[PDB]
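Asker: Below: one structure in structure tokens.
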Amino acid sequence: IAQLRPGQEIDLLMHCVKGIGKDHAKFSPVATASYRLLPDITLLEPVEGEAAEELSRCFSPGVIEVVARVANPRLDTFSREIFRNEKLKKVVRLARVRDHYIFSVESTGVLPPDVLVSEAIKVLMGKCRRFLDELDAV
Amino acid sequence: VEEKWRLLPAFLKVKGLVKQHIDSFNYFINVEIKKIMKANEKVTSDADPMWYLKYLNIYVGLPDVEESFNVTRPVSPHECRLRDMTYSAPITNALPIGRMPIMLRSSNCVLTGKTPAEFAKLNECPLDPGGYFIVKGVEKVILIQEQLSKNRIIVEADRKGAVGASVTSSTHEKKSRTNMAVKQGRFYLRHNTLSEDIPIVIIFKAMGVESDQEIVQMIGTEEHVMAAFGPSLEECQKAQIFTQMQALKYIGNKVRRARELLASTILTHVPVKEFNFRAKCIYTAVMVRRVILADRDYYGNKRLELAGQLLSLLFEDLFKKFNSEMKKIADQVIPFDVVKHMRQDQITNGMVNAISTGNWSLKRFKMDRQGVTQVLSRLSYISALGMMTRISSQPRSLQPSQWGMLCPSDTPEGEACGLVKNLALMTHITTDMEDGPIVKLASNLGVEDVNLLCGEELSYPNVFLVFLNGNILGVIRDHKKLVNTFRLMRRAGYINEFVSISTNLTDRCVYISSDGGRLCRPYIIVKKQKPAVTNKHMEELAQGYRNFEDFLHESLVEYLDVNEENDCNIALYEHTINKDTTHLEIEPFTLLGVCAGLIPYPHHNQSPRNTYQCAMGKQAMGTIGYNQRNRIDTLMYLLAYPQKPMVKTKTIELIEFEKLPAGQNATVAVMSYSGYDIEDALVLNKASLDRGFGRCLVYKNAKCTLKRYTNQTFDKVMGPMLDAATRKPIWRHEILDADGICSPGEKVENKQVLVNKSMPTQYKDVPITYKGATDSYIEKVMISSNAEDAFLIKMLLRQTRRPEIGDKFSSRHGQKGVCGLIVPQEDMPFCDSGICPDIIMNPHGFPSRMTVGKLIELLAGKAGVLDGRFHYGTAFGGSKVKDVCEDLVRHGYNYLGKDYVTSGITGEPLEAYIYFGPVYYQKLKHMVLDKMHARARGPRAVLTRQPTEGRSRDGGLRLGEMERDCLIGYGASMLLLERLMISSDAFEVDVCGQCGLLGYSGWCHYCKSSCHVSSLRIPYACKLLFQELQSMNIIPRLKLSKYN
Amino acid sequence: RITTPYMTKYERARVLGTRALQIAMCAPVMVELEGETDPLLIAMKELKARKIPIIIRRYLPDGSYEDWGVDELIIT
Amino acid sequence: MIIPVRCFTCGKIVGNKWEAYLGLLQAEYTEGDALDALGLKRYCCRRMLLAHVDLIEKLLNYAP
Amino acid sequence: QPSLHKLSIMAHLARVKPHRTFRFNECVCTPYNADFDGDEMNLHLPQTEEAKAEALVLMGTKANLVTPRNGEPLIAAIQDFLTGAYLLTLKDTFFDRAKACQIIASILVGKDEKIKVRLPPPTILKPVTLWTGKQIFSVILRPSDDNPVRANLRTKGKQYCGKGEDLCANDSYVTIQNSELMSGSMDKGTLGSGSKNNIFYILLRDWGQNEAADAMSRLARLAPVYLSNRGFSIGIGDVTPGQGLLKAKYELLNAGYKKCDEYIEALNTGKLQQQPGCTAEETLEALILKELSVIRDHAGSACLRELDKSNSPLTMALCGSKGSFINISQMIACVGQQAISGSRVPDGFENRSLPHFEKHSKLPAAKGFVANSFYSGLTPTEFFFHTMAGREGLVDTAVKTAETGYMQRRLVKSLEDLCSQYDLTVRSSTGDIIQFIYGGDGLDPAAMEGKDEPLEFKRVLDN
Amino acid sequence: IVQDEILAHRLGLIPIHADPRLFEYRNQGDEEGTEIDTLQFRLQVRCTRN
Amino acid sequence: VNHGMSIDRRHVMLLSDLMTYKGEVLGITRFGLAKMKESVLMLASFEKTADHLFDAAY
Amino acid sequence: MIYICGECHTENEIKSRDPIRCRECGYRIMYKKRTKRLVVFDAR
Amino acid sequence: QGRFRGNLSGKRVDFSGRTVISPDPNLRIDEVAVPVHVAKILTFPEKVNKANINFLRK
DNA sequence: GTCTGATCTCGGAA
DNA sequence: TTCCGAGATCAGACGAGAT
Ligand SMILES: [Mg+2]
Ligand SMILES: [Zn+2]
Ligand SMILES: [Zn+2]
Ligand SMILES: [Zn+2]
């Protein structure tokens, strides 16, 4: 919190309140709560004969198998190194699936992340039932 | 060939930055006070010639302060900064004379030599430049003025080839300008003591050379154009029968407003004469020689007067005023220390009042240089160091003679677009020296003068005439042997390293300059195509087994001024060495200053974008010193969490800027977002500002002092007026604390009282209230006596401001920008790994400004944080893009940095990739809380009854006369009556019909008849025009008419 | 009858200038207004309905004049 | 001044990783892989330790 | 506060927002000459009701859309809006009813929330149905069904195809019929300030000034909403020369230097022919400049041929939003000869510009030519000469405003008391006639159309 | 030596392991707390030499 | 038109026609204002405020 | 009234019209003790 | 600085303010966003005229 | 520290 | 013979605004 030298005091009470994260970012329950679409990489042409290990170092390390097989696409960070090669850029189209993403919630530690998400869905449902009861009044 | 940069951190330890201010003052203390006593001994009087006062020496001791009779205690410089004193030391059988202020880190200041552990008990920051006097509490620098050279034959073009030498008397009493004009083909010698432009052959016959054969032999023996000296003047001399030497003093003896043998010594002064005028004639003849053979802004001509040269202009005059008043006393009381101790007021309040009010008002030297001193700008660290290396002028365009001496890009814009320069890194202003061994080697190496026939010094090629400091010292047949032998001698070390021999072959004059004040710079000597550093030397300097001054005596590094750079073949790098290289270049990033040089990749930006930053680098908002909490200064801006930059240069390490940085480095993502970033504006996010991105700390300062009067009554600080309870006023005396001074650690609203300073008329209280707009917390309250011990009390007001809409950020490339919008974090284009940006920057700042150096900082920074490394982007070097780009690939990033983001608002991925990375954004001191202003109706000025000027005085902003024409051109008539009579000066006046004049109220005093008096409606400023016109004899007699 | 039959922008400004200041001193309103409280917004409702009790006195610079009703002019 | 306890961009708790970081640099650990030992994956939370200067141990000297 | 023309004071309606900044729409910033780099500007508040109408009618922004020097419009799109609407009306964009109703429904706040906004029928139906970009830009000119605006405009554009009227594949030829953008892309010259055939000028003259201010305040709301979801961004990939530039610049720097080595050698070693202007060593430099400007413009043409489309500084230069094609050649290929007041850089030392070169060298890169572009970074002599030529920009703005401020003052202190009287004569204050009709025809220069003619009859008849 | 607000801001960013949805929002200003809305903490550090 | 900077001729047709309508070409300096205007305060608000006010009192 | 020395940091009870010197020093820079009131701060 | 060129023509003016500007595209071209604190200070005297009686009372 | 028209003194001529 | 041309010296001025 702070550093001191001898003869110095810190005396303070605190008050904690329940706050939305959009009020101030110190109320934010999550470090990063981003998501990303799962990539899928299709070799249109079969690649073999030392161009496979060329395509190995081109991508992310774990993504590929060595002929060339796209072993596990989920680990791919989009460096987009293929287009530097000038030969394999015509070979493989890289793509990301639209309706298949990858969430990555990392909580600060207030609530465990499996209860952050199930609370996050729970207040979106509450945000629309708040409006559906407005139409029932009118 | 590999490592030669190491000479620069060894040069900076010796005499590089803010050490030229110090050495110049250390020369002034340790030499110049003992060269004024030799000029001003022997105080004698005429009313008694049998006594004598004779000064032996002056010593200037250590800084002290007395608060009583004989305490005589010493002082740290950060006590004079608090108690508003002046950091000064006594001047001294062995009795005191006065007190003179000492610049910090000088030879007699306290701060020199002492370790950072001892800087704590002296409460001073170790990363603090020095070179500033502490006068009356504030800290003033003497700015480096640049003057033109002394006794210089300048050939200008007034009408046709006029030449004037602005001789400066070594006996410093006067400075005269003996210019030479041409009127209708004839030369003249216009002066300010001569009532007539007298022909020059009149002077020559007055100077002892009487015959006319000698004069042409002086001017031109080879005739081709110097024959056209003939029918110009020596015929015009002969046209009136006036061949005589005594008779031609007589024509001078009339116009000079036998008596002119003496008054020809106040003409072309520094050519010396012992009534042997032969040396004077050649110097006038060479001045004519230029004209018949025929650059004011070129830096061999510009000498620099530093802080120690400029104080010696003062102290010599203040010693003389102390000296002559001893004669005025000894001639008063004889028909002696005890009538001298009250003249301790003379030097002390003379020297101090010249620094605080920046006025050398010296009638003895007829100079009135205004604004020589400036208060230090403690806005950031480099805004202090950017003031220490500053040059004020007395042209605006950049000359290439400023290469290596001054920063090309560090300048203001506005009134001073090229008139306030900044010193570069590896420069050195020179000091004076003796001219003994210079002459002694000149006369051995070969020179001869006053015995040579007039004809010799002429168009013949082998007549290079040696000039030292502007005085001819003979002629040499072979220029090369002289220039080369002196240069070998200087390198060997027999002659002073600073002296420079330069040769102009257009007019055969070699120029030995030992001037002092010349801009100088070091280079690595190139004898044949192999340089002299030899690498192994660059290794000695590595262990320290050698010092930069050992390079000089080993003839490996040469100091070159601007004049010698005409004769050299400076190679920039190792690989551009030629057949005739001469000197080489130590480290080519040293041509940039210390405000630029902060910029990473300045050699990729357009050059008018570095210059914008040199202004904004001084305006940065960051940390000031390690004693930044104990300083109580009038306005101190502090950052909450500063960060050293990710892309440092090499000048940042020599300054130790990263030891006390200014500005964070935020992950920008240059893209166009939400349309609130159009004109250089830039979107921030409301999470980083909630996480503490650039929280401000603006520290004001309010003070008061409680003086004891001549009435022997004094000021009181009586406590709060509790009303109906112990509770203090409704909010007015709520923070007072019962000792008077407010309590530290408490908030002050508007119009709340800090102290109850009560004044004797009987006591009227003058309560010192805090105005502000927002609230401020007291941090410290200091209590002390000043010099005249009167209980000064100083407050210190915290205020933290998160940067909201309006607060100007810059971007370390001169692309400044008000923060137009603050979006929430969840509305912002996060990339794949989760990183939402902090500062979305508009990409239209790039293709017109062409600041490509910014685009590499997002690359060199982003590769830098991912590797755990600080990438050097210096000037002319640093980390290239072809190796930074292959470092992003190892961490799985795009090799240009353009990262695939998905949009925050819509959730779909963005159509194009977005550049992304950390660049060093420095907040700077233009926050909108200091500039928000509105004036409904407030104070009016007492004289003209218009609203006042300033926001401190509740404002009113001048609808100027340029905006009057805009309101004219719209045709809005009833607006201008409303905007310049109704809501500015709505006055009401009474005039009378007959004799029409301003008569007060109901009737007009002239013609008391009271009947015709009819009120008008007028602006008050027009009524004040009529009433001050009528004060002089102009009488505006208004003749009214009714409204039709 | 000889000047321009178009209401200039300097005549529309002052007619809206003084009909605003007249109606801000409780003048009788001619447009049976619909809740406008800005007196200037009432006056543009007066102009478009062409009910303003104002006649422009146009001065030819010799000194002769020529009247023009605001009903009798072509606004933009 | 002192280490800001959050990242400015994401807000990972990073104030508790300063003396754990300085304890790593006291050992052999290079400037790069010291931050990989503390669990700092992305670079924006990595610059909060890398680009940070610690004035608070230096100001304390001049604050008796 | 540096009021330089009539448009520096303008009235504005006032909406009390929540901040301490004066925030205005960025279309009206070129009349103020106001960037947002920390600039301040004053706000007067007229008190009487007569001075309130004189602000609204005479000095309102809806009245002074047009500067009185030319008749050009000064209030029009700046920066992002131009590069937003160019990227939207570009031929390649296609929106589905997902994004089409999202971009369109951005234009429904603040006097616009009460219109039945009519999306036009889509221009592809069968294989997938989707709109085009230009069909959504037509919603700016005519959002409702009962809107009476029918805008018409046919003009050239920047990067004009030269041959072909409107049918060539470069597609820089605007044709709007009845406020429906039919072909072409919106450059600066069809949306920005300074052109008398942008739509906001065409909507001004033909359909009143309320429809021009609405269609300009529609685009300022619409075009960032497209661009912030399309992500226009610059990077260093947008500045790196490809492979084709480097082998082109290397030969042009060699073959441009062989001749200038010979043209110098043809002067001093022997006999050189002379241009009629002056002698040798004056026409040599004018023949140096011809071969160096050959270099920076062929390499500037070598850059632009290989520079791929959707490049960010190229896209900002095609529509004239920011920076021309000169700046792209300076950043990428080669920045040319740095000239000081119309010549090569003068020798500040004796017969030599800087002591690195040789005496009497008239060589390129010794008298001011910079060979490296801003990407590959300037060298120390090259950086100095660019600074020397850069300061002449900064020095001259300090001294010109010291003179044209005075020249503004003398001009308006003689010319202020003239007004066109009611019998069309223009007289002084004292009654004396200066002009019998104002300018021969008695016509506003402000309302005047291009070519100093009030109509330009080809445009009105086709309208 | 840490300034008051910057201390009070740095106490804000510290996360707190007490889970929400046990508590409710703070209705009024209500700077006293009602032990159903708030959660108080104390910090008393005074350092000497050992 | 040499400096870009397009302008209507009707502005220059007014500036020229003011500058030469009283006999001779009256350049817009301090001196040409005296030969153009009769009123004092319009001259007195321009340069030479001292002489123009005393001479019009003479 | 209790003040704190320049560097001695000893609480010196002075009174009015008293020189500001110090016990165990001579140094005349005397700061004031921090207030005793409950000061409420906002963590925003 | 004298009364002619600076106190009779270019005179200071009440009901007038000055801040730093920042963009806002979400306004019509005819509107300036004025801060609250300024708008509570700069006042317009609106006389009471049977249509703003209930509005000024409110 | 010039850029400025005005206003004073000299001088050569029908 | 006088008068008008051409030699010297003398004027007032040299942008807005801002803290
Ligand atoms: Mg600006
Ligand atoms: Zn009377
Ligand atoms: Zn983070
Ligand atoms: Zn003490």
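Ligands are numbered from 1 in the order shown, chains are lettered A, B, ... in the order of the structure tokens, and residues start at 1 in each chain.
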For a quick test of understanding: name the residues of chain G lying within 12 Å of chain J when counting only C-alpha atoms (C1' of nucleotides), and present them as a ChimeraX atom specification.

Answerer: /G:29-32

Asker: Would you mind listing, as a PyMOL selection string, all residues of chain K that have at least one atom within 12 Å of chain G, where only C-alpha atoms (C1' of nucleotides) are what counts?

Answerer: chain K and resi 11-14

Asker: Name the residues, by chain letter and number, that sit within 9 Å of ligand 4 using only C-alpha atoms (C1' of nucleotides) and all ligand atoms, and give them as a list in words.

Answerer: residues 4, 5, 6, 7, 8, 9, 10, 11, 12, 21, 22, 23, 24, 25, 26, 27, 28, 29 and 30 of chain H

Asker: Could the residues in this selection be saved with N, CA and C atoms as a compact mmCIF listing (two decimals), in the first residue's frame?

Answerer:
```
# COMPACT_ATOMS: atom_id res chain seq x y z
N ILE H 4 7.37 21.36 14.64
CA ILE H 4 8.36 20.33 14.37
C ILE H 4 9.55 20.99 13.71
N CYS H 5 10.76 20.58 14.10
CA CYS H 5 11.97 21.28 13.67
C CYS H 5 12.26 21.06 12.19
N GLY H 6 13.34 21.67 11.73
CA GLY H 6 13.76 21.47 10.35
C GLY H 6 14.23 20.05 10.11
N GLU H 7 15.27 19.63 10.83
CA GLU H 7 15.70 18.24 10.76
C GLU H 7 15.77 17.57 12.12
N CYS H 8 15.66 18.31 13.21
CA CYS H 8 15.73 17.70 14.53
C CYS H 8 14.45 16.96 14.87
N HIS H 9 13.32 17.42 14.34
CA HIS H 9 12.00 16.81 14.51
C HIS H 9 11.60 16.67 15.97
N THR H 10 11.96 17.65 16.78
CA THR H 10 11.53 17.73 18.16
C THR H 10 10.37 18.69 18.28
N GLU H 11 9.35 18.27 19.01
CA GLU H 11 8.18 19.11 19.24
C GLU H 11 8.55 20.27 20.14
N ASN H 12 8.48 21.49 19.61
CA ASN H 12 8.89 22.66 20.37
C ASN H 12 7.70 23.57 20.60
N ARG H 21 13.50 29.74 16.77
CA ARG H 21 14.62 28.78 17.00
C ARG H 21 14.10 27.47 17.57
N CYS H 22 15.00 26.54 17.88
CA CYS H 22 14.59 25.22 18.30
C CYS H 22 15.38 24.77 19.51
N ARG H 23 14.74 23.96 20.35
CA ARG H 23 15.49 23.14 21.28
C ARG H 23 16.36 22.17 20.50
N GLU H 24 17.60 22.01 20.96
CA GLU H 24 18.65 21.15 20.39
C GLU H 24 19.01 21.49 18.96
N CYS H 25 18.68 22.68 18.47
CA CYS H 25 19.10 23.16 17.17
C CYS H 25 19.20 24.66 17.21
N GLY H 26 19.33 25.24 16.02
CA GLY H 26 19.18 26.67 15.86
C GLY H 26 18.35 26.91 14.63
N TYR H 27 17.92 25.83 13.99
CA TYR H 27 17.32 25.93 12.68
C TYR H 27 15.90 26.43 12.78
N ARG H 28 15.53 27.25 11.82
CA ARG H 28 14.40 28.15 11.98
C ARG H 28 13.27 27.80 11.04
N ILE H 29 13.34 26.64 10.41
CA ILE H 29 12.27 26.13 9.58
C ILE H 29 11.42 25.20 10.42
N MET H 30 10.26 25.67 10.85
CA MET H 30 9.45 24.88 11.76
C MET H 30 8.10 24.60 11.12
```

Asker: Taking only C-alpha atoms (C1' of nucleotides) and all ligand atoms into account, report as a list in words which residues have an atom no farther than 7 Å from an atom of ligand 1.

Answerer: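 Result of the 7 Å neighbour search around ligand 1: residues 34, 35, 36, 37, 38 and 39 of chain E.
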
Asker: Using only C-alpha atoms (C1' of nucleotides) and all ligand atoms, what are the residues with an atom within 8 Å of ligand 3, set out as a ChimeraX atom specification?

Answerer: /A:31-32 /B:835 /D:6-12,42-46

Asker: With C-alpha atoms retained, export the selected residues as a short mmCIF file (atom, residue, chain, number, x, y, z; two decimals), in the first residue's frame.

Answerer:
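In the end it all went to again38.cif:
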```cif
data_model
loop_
_atom_site.label_atom_id
_atom_site.label_comp_id
_atom_site.auth_asym_id
_atom_site.auth_seq_id
_atom_site.Cartn_x
_atom_site.Cartn_y
_atom_site.Cartn_z
CA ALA A 31 -8.74 -8.78 -14.94
CA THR A 32 -9.52 -9.55 -18.57
CA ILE B 835 -5.58 -5.92 -24.15
CA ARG D 6 -3.36 -2.47 -10.99
CA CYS D 7 -2.37 -2.66 -14.62
CA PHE D 8 -3.60 0.44 -16.37
CA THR D 9 -5.07 -1.41 -19.32
CA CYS D 10 -6.40 -4.69 -17.92
CA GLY D 11 -6.16 -4.33 -14.21
CA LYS D 12 -4.31 -7.43 -13.19
CA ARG D 42 0.50 -9.97 -21.92
CA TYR D 43 2.76 -7.01 -22.41
CA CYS D 44 0.54 -4.29 -20.99
CA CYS D 45 0.77 -5.79 -17.52
CA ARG D 46 4.44 -6.42 -18.27
#
```

Asker: Show me, as number ranges by chain, the residues that have an atom within 10 Å of residue 32 in chain D when counting only C-alpha atoms (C1' of nucleotides), minus same-chain residues fewer than 4 positions from it.

Answerer: B: 864-869; D: 36-37, 46, 50

Asker: Can you tell me which residues sit at most 9 Å away from ligand 2, counting only C-alpha atoms (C1' of nucleotides) and all ligand atoms, written as a PyMOL selection string?

Answerer: chain B and resi 991-999+1003-1013

Asker: Taking the DSSP assignment computed from this structure's backbone, write out as a JSON list (two decimals) with N, CA and C atoms, in the first residue's frame all residues of range 28-100 of chain A that belong to alpha helix (DSSP H).

Answerer:
```json
[["chain", "number", "residue", "atom", "x", "y", "z"],
["A", 51, "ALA", "N", 8.99, -28.11, -46.81],
["A", 51, "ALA", "CA", 8.11, -26.96, -46.71],
["A", 51, "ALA", "C", 7.17, -27.12, -45.53],
["A", 52, "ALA", "N", 7.02, -28.36, -45.05],
["A", 52, "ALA", "CA", 6.21, -28.61, -43.87],
["A", 52, "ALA", "C", 6.86, -28.04, -42.63],
["A", 53, "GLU", "N", 8.15, -28.32, -42.42],
["A", 53, "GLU", "CA", 8.84, -27.70, -41.30],
["A", 53, "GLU", "C", 9.11, -26.23, -41.53],
["A", 54, "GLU", "N", 9.02, -25.76, -42.78],
["A", 54, "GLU", "CA", 8.97, -24.33, -43.01],
["A", 54, "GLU", "C", 7.65, -23.76, -42.50],
["A", 55, "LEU", "N", 6.55, -24.46, -42.74],
["A", 55, "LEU", "CA", 5.25, -24.01, -42.28],
["A", 55, "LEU", "C", 5.08, -24.24, -40.78],
["A", 56, "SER", "N", 5.92, -25.09, -40.20],
["A", 56, "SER", "CA", 5.90, -25.30, -38.76],
["A", 56, "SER", "C", 6.35, -24.06, -38.01],
["A", 57, "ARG", "N", 7.53, -23.55, -38.36],
["A", 57, "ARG", "CA", 8.07, -22.37, -37.68],
["A", 57, "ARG", "C", 7.32, -21.11, -38.07],
["A", 58, "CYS", "N", 6.52, -21.18, -39.13],
["A", 58, "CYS", "CA", 5.75, -20.01, -39.55],
["A", 58, "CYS", "C", 4.61, -19.73, -38.59]]
```

Asker: So that each row is one residue of chain F with an atom at most 7 Å from chain A, can you give its shortest atom pair and the distance in Å to one decimal, using only C-alpha atoms, rows by chain and rising number, as a Markdown table?

Answerer:
```
| residue | atom | partner | partner_atom | distance |
| --- | --- | --- | --- | --- |
| F:2 | CA | A:2 | CA | 6.7 |
| F:10 | CA | A:1 | CA | 6.6 |
| F:12 | CA | A:26 | CA | 6.4 |
| F:13 | CA | A:26 | CA | 5.0 |
| F:15 | CA | A:110 | CA | 6.6 |
| F:16 | CA | A:110 | CA | 6.0 |
| F:17 | CA | A:110 | CA | 4.6 |
| F:18 | CA | A:110 | CA | 6.7 |
| F:19 | CA | A:110 | CA | 6.0 |
| F:20 | CA | A:18 | CA | 6.8 |
| F:24 | CA | A:18 | CA | 6.6 |
| F:25 | CA | A:18 | CA | 5.5 |
| F:26 | CA | A:17 | CA | 6.8 |
| F:37 | CA | A:17 | CA | 6.4 |
| F:38 | CA | A:16 | CA | 5.2 |
| F:39 | CA | A:16 | CA | 5.0 |
| F:40 | CA | A:15 | CA | 4.8 |
| F:41 | CA | A:14 | CA | 4.9 |
| F:42 | CA | A:13 | CA | 4.6 |
| F:43 | CA | A:12 | CA | 5.4 |
| F:44 | CA | A:11 | CA | 4.7 |
| F:45 | CA | A:10 | CA | 5.3 |
| F:46 | CA | A:9 | CA | 4.5 |
| F:47 | CA | A:6 | CA | 5.0 |
| F:48 | CA | A:6 | CA | 4.3 |
| F:49 | CA | A:6 | CA | 6.2 |
```

Asker: Restrict the calculation to only C-alpha atoms, then for each residue of chain E with any atom at most 9 Å from an atom of chain C give the closest atom pair and their distance in Å to one decimal, rows by chain and rising residue number, as JSON lines.

Answerer:
```
{"residue": "E:48", "atom": "CA", "partner": "C:21", "partner_atom": "CA", "distance": 7.8}
{"residue": "E:49", "atom": "CA", "partner": "C:21", "partner_atom": "CA", "distance": 5.3}
{"residue": "E:50", "atom": "CA", "partner": "C:17", "partner_atom": "CA", "distance": 4.0}
{"residue": "E:51", "atom": "CA", "partner": "C:17", "partner_atom": "CA", "distance": 6.9}
{"residue": "E:52", "atom": "CA", "partner": "C:17", "partner_atom": "CA", "distance": 7.3}
{"residue": "E:53", "atom": "CA", "partner": "C:17", "partner_atom": "CA", "distance": 5.0}
{"residue": "E:54", "atom": "CA", "partner": "C:13", "partner_atom": "CA", "distance": 5.4}
{"residue": "E:55", "atom": "CA", "partner": "C:13", "partner_atom": "CA", "distance": 8.5}
{"residue": "E:56", "atom": "CA", "partner": "C:13", "partner_atom": "CA", "distance": 8.1}
{"residue": "E:57", "atom": "CA", "partner": "C:13", "partner_atom": "CA", "distance": 5.6}
{"residue": "E:58", "atom": "CA", "partner": "C:13", "partner_atom": "CA", "distance": 6.7}
{"residue": "E:208", "atom": "CA", "partner": "C:76", "partner_atom": "CA", "distance": 8.6}
{"residue": "E:421", "atom": "CA", "partner": "C:61", "partner_atom": "CA", "distance": 6.6}
{"residue": "E:422", "atom": "CA", "partner": "C:60", "partner_atom": "CA", "distance": 5.4}
{"residue": "E:423", "atom": "CA", "partner": "C:60", "partner_atom": "CA", "distance": 6.2}
{"residue": "E:424", "atom": "CA", "partner": "C:3", "partner_atom": "CA", "distance": 8.3}
{"residue": "E:427", "atom": "CA", "partner": "C:61", "partner_atom": "CA", "distance": 8.8}
{"residue": "E:431", "atom": "CA", "partner": "C:61", "partner_atom": "CA", "distance": 7.6}
```

Asker: Residue 17 in chain K: which residues within 12 Å, counting only C-alpha atoms (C1' of nucleotides), same-chain residues fewer than 6 positions away excluded, as number ranges by chain?

Answerer: B: 949-950, 957-963; E: 1-3, 39-42; I: 10, 12, 18
